[PDB]
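Accompanying notes for the structure given below.
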Amino acid sequence: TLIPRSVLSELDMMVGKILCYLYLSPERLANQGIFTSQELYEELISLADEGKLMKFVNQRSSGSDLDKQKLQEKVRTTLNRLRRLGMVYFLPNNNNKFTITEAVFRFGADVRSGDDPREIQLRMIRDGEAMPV
Amino acid sequence: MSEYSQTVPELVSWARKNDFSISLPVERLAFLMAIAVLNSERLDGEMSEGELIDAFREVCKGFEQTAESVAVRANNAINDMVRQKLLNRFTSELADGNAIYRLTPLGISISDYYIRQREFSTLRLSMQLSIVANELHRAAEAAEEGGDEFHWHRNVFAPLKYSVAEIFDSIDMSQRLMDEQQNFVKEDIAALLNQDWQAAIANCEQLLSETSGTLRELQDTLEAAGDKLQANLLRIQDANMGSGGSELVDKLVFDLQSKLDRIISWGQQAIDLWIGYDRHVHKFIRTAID
Amino acid sequence: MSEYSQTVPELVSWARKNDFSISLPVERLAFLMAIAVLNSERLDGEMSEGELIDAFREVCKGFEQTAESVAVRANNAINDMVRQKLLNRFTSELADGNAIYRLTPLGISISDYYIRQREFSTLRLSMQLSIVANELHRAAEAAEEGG
Amino acid sequence: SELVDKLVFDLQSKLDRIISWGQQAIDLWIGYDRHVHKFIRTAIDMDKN
């Protein structure tokens with residue numbers, strides 16, 4: 001390439017795959033696409049390993065509220081980066097609420113076909129879609 | 001089935017697999033004690049994260065430590081206490097993410113050992129012996145009245161297991177406290193003899209006589225009550241043997257008899273050890289005077 | 001008199017002055033629990049130094065540690081447990097120079113918390129409430145009788 | 001007797017704490033129970049294909 005290429009962080013992926021599940025969820029379709037940072041955070045902690053994920057915020061985290069607020073602020077920051085990428089749009093007057101777009105489906109590129117995960121991953125790296133860490 | 005179902009090798013393997021460890025340096029121990037005191041002054045037995053941080057700040061101030069990173073240090077200390085099983089943390093969605101803290105049975109037992117001024121009381125022992133004598137008498141009467149497995153489980157096994165066994169454990173703990181008090185008197189006698197031995201002879205003789213008198217009063221109280229307690233345990237054993245014989249009641253009565261024999265034997269052994277030390281101190285005083 | 005006669009600053013100053021500390025790594029904690037199990041199987045509630053060294057040898061085997069210097073390590077562990085107020089050491093001339101060891105209330109509380117399988121029992125609670133109700137009722141009758 | 005009054009007050013305070021703890025534990029357990037049931041229902045029933 002004549003133009004530089006870069007990769008997203010693993011926290012960005014966690015927020016990306018969660019935003020993807022949120023888009024699909026018919027249970028929340030009644031919101032008309034408007035979600036709150038707190039709802040996103042609540043869904044994320046419901047699915048992923050909370051205490052093990054906390055390791056990325058700080059190597060000494062053990063469930064303290066200061067560390068929980070630090071995690072929430074990192075989420076707030078990464079979500080803002082995804083907005084610049086065009087993956088989510090904030091409301092015109094309220095920044096605690098936002099709307100999703102279909103571009104988030106790229107986070108599901110590792111599972112859209114019901115096949116061997118290793119082979120899928122190999123195919124993706126071969127196509128230049130994704131890198132390991 | 002032995003209260004401790006695990007052999008020493010099974011227990012050591014279990015402890016190693018679970019990675020259990022306790023590391024409470026002076027600052028961490030002071031913080032645990034401050035938390036225990038703050039919890040005792042409250043109406044709900046619950047502490048918030050901010051209140052724990054304020055308590056840690058007071059400990060850091062008492063240790064004249066730098067006010068830098070105190071919030072981080074307090075979080076590390078709180079996480080360490082939770083990680084060492086001294087505090088239980090409750091994270092409720094209803095509490096908007098605010099965690100509620102309560103001390104564990106372990107954290108309370110360690111903090112109470114240092115903060116609770118436990119003195120051996122002949123009155124406490126006499127009361128505990130009076131309650132257990134009444135409980136054993138009621139269990140013996142119920143055992144002699146006879147009945148079904150439900151009568152024996154509710155009126156004989158439950159009182160022996162959940163009341164008599166706990167009071168015997170409390171008496172044993174009081175005896176262990178007396179063991180510590182004797183070691184404290186020994187340190188005081190060694191200190192009085194190291195400062196001014198000539199002026200300390202009268203004080204040492206008084207401490208030796210008073211400790212001997214207390215041990216004798218305790219042993220006399222235990223021997224006087226011990227026979228009545230052993231008679232009631234034998235009454236229950238005879239009644240159990242006559243009404244088929246629950247192996248669970250027999251094992252429990254045997255454990256209680258063994259604990260009672262240990263409680264009675266401890267008093268005689270403590271008196272013998274104290275007599276040996278008394279003779280040693282008098283020999284030392286005679287050698288120093290000569 | 002509040003069971004805890006000292007304010008937090010007084011307690012902190014008192015703790016700092018007496019230099020109280022507990023250091024129980026996984027091996028020392030396992031040694032304490034081993035001593036508690038061995039003591040509960042005995043008729044005299046007393047342990048000799050040789051029995052403590054043997055108990056420590058059994059723990060060292062469980063930690064897959066070398067049998068070299070086990071006696072020195074055992075003596076250091078025993079001295080450390082005595083220094084941390086987990087074991088009371090009695091040296092009687094009558095015991096032919098042999099030291100007797102007994103677990104302290106702290107050593108028993110710590111060992112029981114991990115080894116005693118304490119499960120909540122509704123029957124236990126109902127019994128405890130029955131005893132306290134009778135004790136409070138007698139105390140109330142005695143208070144009303146006056147004296 | 002100031003000693004008996006203080007002791008009775010302490011025991012009453014302990015009894016209130018013992019009674020209050022049970023209701024608080026039930027509320028915390030209910031919050032979790034509702035959350036797990038909601039999660040299971042969301043996981044099971046809302047994906048239909």
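As shown in the structure tokens, the chain order sets the letters A, B, ...; within each chain, residues go from 1, and ligands are also counted from 1 in the order they appear.
Around residue 213 (chain B), within 12 Å and counting only C-alpha atoms, the residues found are residues 122, 206, 207, 219, 220, 271, 274 and 275 of chain B, once anything fewer than 6 positions away on its own chain is removed.
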If you run DSSP on the backbone here, which positions in region 67-160 of chain B get strand (DSSP E or B)? Please write them as JSON, numbers by chain. {"B": [87, 88, 89, 90, 91, 99, 100, 101, 102, 103]}
Save out the residues we just selected, N, CA and C atoms, as a compact mmCIF listing (two decimals), in the first residue's frame.
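Once everything was written out, this is selection24.txt:
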```
# COMPACT_ATOMS: atom_id res chain seq x y z
N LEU B 87 -12.84 -9.58 53.77
CA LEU B 87 -14.01 -8.77 53.42
C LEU B 87 -14.83 -9.39 52.28
N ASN B 88 -16.15 -9.34 52.41
CA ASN B 88 -17.10 -9.74 51.38
C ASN B 88 -17.62 -8.47 50.72
N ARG B 89 -17.58 -8.42 49.40
CA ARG B 89 -18.02 -7.31 48.57
C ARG B 89 -19.31 -7.65 47.83
N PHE B 90 -20.33 -6.81 47.95
CA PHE B 90 -21.61 -6.97 47.26
C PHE B 90 -21.79 -5.86 46.23
N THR B 91 -21.84 -6.26 44.95
CA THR B 91 -22.02 -5.37 43.79
C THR B 91 -23.41 -5.61 43.23
N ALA B 99 -20.45 -0.59 45.66
CA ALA B 99 -20.21 -1.83 46.38
C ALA B 99 -20.40 -1.68 47.89
N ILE B 100 -21.03 -2.68 48.50
CA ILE B 100 -21.27 -2.76 49.94
C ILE B 100 -20.31 -3.81 50.52
N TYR B 101 -19.68 -3.51 51.65
CA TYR B 101 -18.71 -4.39 52.29
C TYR B 101 -19.12 -4.84 53.68
N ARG B 102 -18.82 -6.11 54.00
CA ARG B 102 -19.03 -6.75 55.30
C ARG B 102 -17.80 -7.59 55.66
N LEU B 103 -17.37 -7.60 56.92
CA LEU B 103 -16.24 -8.44 57.36
C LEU B 103 -16.61 -9.93 57.38
```
Neighbour list for residue 27 (chain D) as a ChimeraX atom specification, cut-off 10 Å, only C-alpha atoms, skip fewer than 6 positions in-chain: /B:92,94 /D:33
Could you save the residues just selected, with C-alpha atoms, as a tab-separated table (two decimals), in the first residue's frame?
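This went into again.tsv:
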```
chain	number	residue	atom	x	y	z
B	92	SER	CA	-25.73	-4.77	43.12
B	94	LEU	CA	-29.79	-1.64	42.21
D	33	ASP	CA	-31.97	-13.55	40.52
```
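If you measure from each of C:42, C:79, C:53, C:94 to residue 67 (chain C) using only C-alpha atoms, the closest one turns out to be C:53.
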Which polymer residues have any atom within 12 Å of an atom of residue 26 (chain B), counting only C-alpha atoms, with same-chain residues fewer than 3 positions away left out, as a PyMOL selection string? (chain B and resi 23+29-33+59-60+62-63) or (chain C and resi 11-23+84)
Residues of chain C near chain B: apply a cut-off of 7 Å, count only C-alpha atoms, and supply the list as a PyMOL selection string. chain C and resi 3-4+8-9+12-13+15-16+19-26+29-30+34+37+43-45+59+62+88+92-94+104-106+109-110+113+115-116+124
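When the distance limit is 9 Å and only C-alpha atoms are what count, the residues near region 230-241 of chain B, minus those fewer than 4 positions from it on the same chain, are residues 133, 136, 137, 139, 140, 141, 142, 143, 144, 145, 146, 152, 156, 225, 226, 245, 246, 249, 250, 253, 254, 256, 257 and 260 of chain B.
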Could you give me, as a tab-separated table, every chain D residue with an atom at most 9 Å from chain A, plus its closest atom pair and distance in Å to one decimal, counting only C-alpha atoms, rows ordered by chain then number?
```
residue	atom	partner	partner_atom	distance
D:39	CA	A:46	CA	8.0
D:42	CA	A:27	CA	7.6
D:46	CA	A:27	CA	6.7
D:47	CA	A:25	CA	8.1
```
Selection from above, N, CA and C atoms, as a PDB file, in the first residue's frame, can you write it?
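Heads up, here's the output in selection18.pdb:
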```pdb
ATOM      1  N   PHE D  39     -31.425 -12.379  31.744  1.00  0.00           N
ATOM      2  CA  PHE D  39     -30.363 -12.806  30.843  1.00  0.00           C
ATOM      3  C   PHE D  39     -30.711 -14.112  30.137  1.00  0.00           C
ATOM      4  N   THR D  42     -33.459 -13.584  27.599  1.00  0.00           N
ATOM      5  CA  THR D  42     -32.928 -12.873  26.447  1.00  0.00           C
ATOM      6  C   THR D  42     -32.104 -13.806  25.557  1.00  0.00           C
ATOM      7  N   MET D  46     -35.181 -14.665  22.547  1.00  0.00           N
ATOM      8  CA  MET D  46     -35.260 -13.586  21.560  1.00  0.00           C
ATOM      9  C   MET D  46     -34.627 -13.923  20.215  1.00  0.00           C
ATOM     10  N   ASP D  47     -33.578 -14.745  20.155  1.00  0.00           N
ATOM     11  CA  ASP D  47     -33.154 -15.285  18.857  1.00  0.00           C
ATOM     12  C   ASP D  47     -34.198 -16.355  18.481  1.00  0.00           C
TER      13      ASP D  47
END
```
Quick one: residues within 12 Å of region 6-15 of chain D, only C-alpha atoms, excluding same-chain residues fewer than 3 positions away - as a count of residues only? 23
If you count only C-alpha atoms, the residue of B:222, B:171, B:95, B:191 closest to chain D turns out to be B:95
Please list as a PyMOL selection string every residue within 10 Å of residue 51 (chain A), counting only C-alpha atoms and excluding residues in the same chain fewer than 5 positions away. chain A and resi 45+56+61-63
How about saving the chosen residues, C-alpha atoms kept, as a PDB file, in the first residue's frame?
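The file below, again-v6.pdb, is the result:
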```
ATOM      1  CA  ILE A  45     -20.273  -6.814  31.849  1.00  0.00           C
ATOM      2  CA  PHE A  56      -6.518  -4.385  30.781  1.00  0.00           C
ATOM      3  CA  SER A  61      -7.710  -4.310  39.578  1.00  0.00           C
ATOM      4  CA  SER A  62      -9.875  -6.467  41.884  1.00  0.00           C
ATOM      5  CA  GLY A  63     -13.381  -4.835  41.596  1.00  0.00           C
TER       6      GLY A  63
END
```
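Across the model, the gap from CA of residue 100 (chain C) to CA of residue 195 (chain B) is 28.3 Å.
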Just asking: which residues within chain A are alpha helix (DSSP H) according to DSSP, as a ChimeraX atom specification? /A:10-24,37-47,50-53,65-84,117-127
